[PDB]
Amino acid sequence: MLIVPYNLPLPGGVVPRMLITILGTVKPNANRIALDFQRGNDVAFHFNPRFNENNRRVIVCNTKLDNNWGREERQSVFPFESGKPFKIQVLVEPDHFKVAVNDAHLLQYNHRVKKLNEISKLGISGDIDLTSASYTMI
């Protein structure tokens, strides 16, 4: 129901206690999904489910500074399934983004970009039907 890629403004950036919720459905033959929490051209937090990286499924997380990708953080727990509805929740904590999918904790990503209040856009891209993208303070 939403156009992909989708740009969700985060007015005044993010802050601890901010909860971002993404609802959608993975497409049948999916290859990749991405959520990009952006500070201008920088990507503070790139969350990238990969359905076929050397014939394994993995989540790659990273940061892009001055157009250069940094050290990737991988996690092999992979809760997405092609063709299935998902909920990603990203809770901003003091020292990390905390990600839960379908109400189960998945991973944490320490803040490399420190200017939380300047991470003012979330890009949602890839092989999904996007249902909703929203935020709230908890």
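Numbering starts at 1 and runs along the sequence shown.
The mean C-alpha temperature factor is higher for 25 to 33 when 25 to 33 and 107 to 115 are set side by side. Looking at mean Cα B-factors across 47 to 55 and 80 to 88, the upper value is held by 47 to 55. Placement of the Cα temperature factor of residue 40 within the chain: lowest third of the modelled residues, per the deposited record. Among the modelled residues of its chain, residue 74 has a C-alpha B-factor that falls in the highest third according to the deposited record. Compared with the other modelled residues of the chain, the Cα B-factor recorded for residue 95 ranks in the middle third. When the modelled residues of the chain are ordered by C-alpha B-factor, residue 63 sits in the lowest third.
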